[PDB]
């Protein structure tokens, strides 16, 4: 039912965020690294027959050597019937053949098992499938389901090997009971329920849980981080991801505190999953939309991208002037395989109304990043002027320029985005929150002067912001008018004297 006569790709298909060539994508699934083939695998909730969610629902599949250049493959897993779906799940590598699926002809690093929710009318079960060809084709286990609790709200298994307790661990959502259930298994087939976990912001239901050891920076120690998706009922409206920091013994997750925190405080970062088989640290990505409007955004013949892959650490950071908290840090994976088409580089710039920064690039890919370290100077200005703005401008088309704005206000110690584009209309835009804010403590002090940093990347219809070296992340989609895409970046202020010193400014036009 997709109309291949209208293609928006030229102006709003991301270059380095994965999108399916056609149809509908939601949650990322089965994320893993093949150490033998040296390949990253992305699977995803996929409806090839429309640009909206529907059954039959499949695992789509793509691979990358570098987490930015993706090759889309044939559908990996499909349902038995048209009114069924292969819902979310994860992949593990069964190196030691605990499952019995793998003989000496399958390299240990390629002993690939998918654990997923099978959705049929009035029933959700956890099922497994194995791949003998490096994750391209799967055979479903003959004795599926591996877990059935007679529920239609029981989904999204994330599985990992727990060395300390010598077993497989599954975290899975009992979605409308607001429980993350922790199961254990010797062989991925026979599972025992070990504990239930309930905390944080409940919203309407629990989805896509995760549980992983995240490294503490400058340390050989880690904490266990429980990830949890809720939708609807996010405090920002719709879908959001949250996390909990604590310890895990193979049976029970015990948070260090009872505080609620979000992974990303943009509108468009949901169903976060981590890659299995990562040698150094923790990598993950999410679905870069919001259930409130994901199926209505003006893209064709596809809807949805993933976020960039991000690298997850824990750092002690000031959440106020007195107090440090061990906080989830994330920074984008952007390797040297990305081409720099053109660059603006400045240092020690005193920003004023007479000294704007303006890119003057020959053309546009619609893919840019900006990297700024700035200091707030001791200058008293009128309350309307305590800010500077990064403007992302389209080309002029039909006599107008569309823009989005990213700013910082020194009186509020807060970043903000305004993704309001007048004259772009789509269904459920009343839920498409335009103004988002993030409070941060200074990254550092230079004498008495507050220092902050900002890294942003814009990729045709998505902007990802990382405040203070990944202390806070904010992911938002944006939809410029037909044919319009990012062409030029400006950094402006209305202050006559300098309130902000840009210690370092690097703005790059990028390409695949």
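Residue numbers count along the first chain shown, from 1.
Between 376-384 and 312-320, the higher mean Cα B-factor belongs to 376-384. Taking the PDB entry as given, 74-82 carries the higher mean Cα B factor of the two stretches 435-443 and 74-82.
Per the PDB record, 192 has a higher Cα B-factor than any other of 285, 230, 92, 192. Per the PDB record, 356 has a higher Cα B-factor than any other of 356, 266, 301, 407.
Split the chain's modelled residues into thirds by C-alpha temperature factor. Residue 346 is in the highest one. Looking at the C-alpha B-factors along this chain, the one for residue 19 belongs to the lowest third.
In this PDB entry, residue 48 carries a Cα temperature factor that places it within the middle third of its chain's modelled residues. For residue 428, the recorded CA B-factor ranks within the middle third of the chain. Only modelled residues enter the ranking. The deposited CA B-factor of residue 56 belongs to the highest third of values across its chain.
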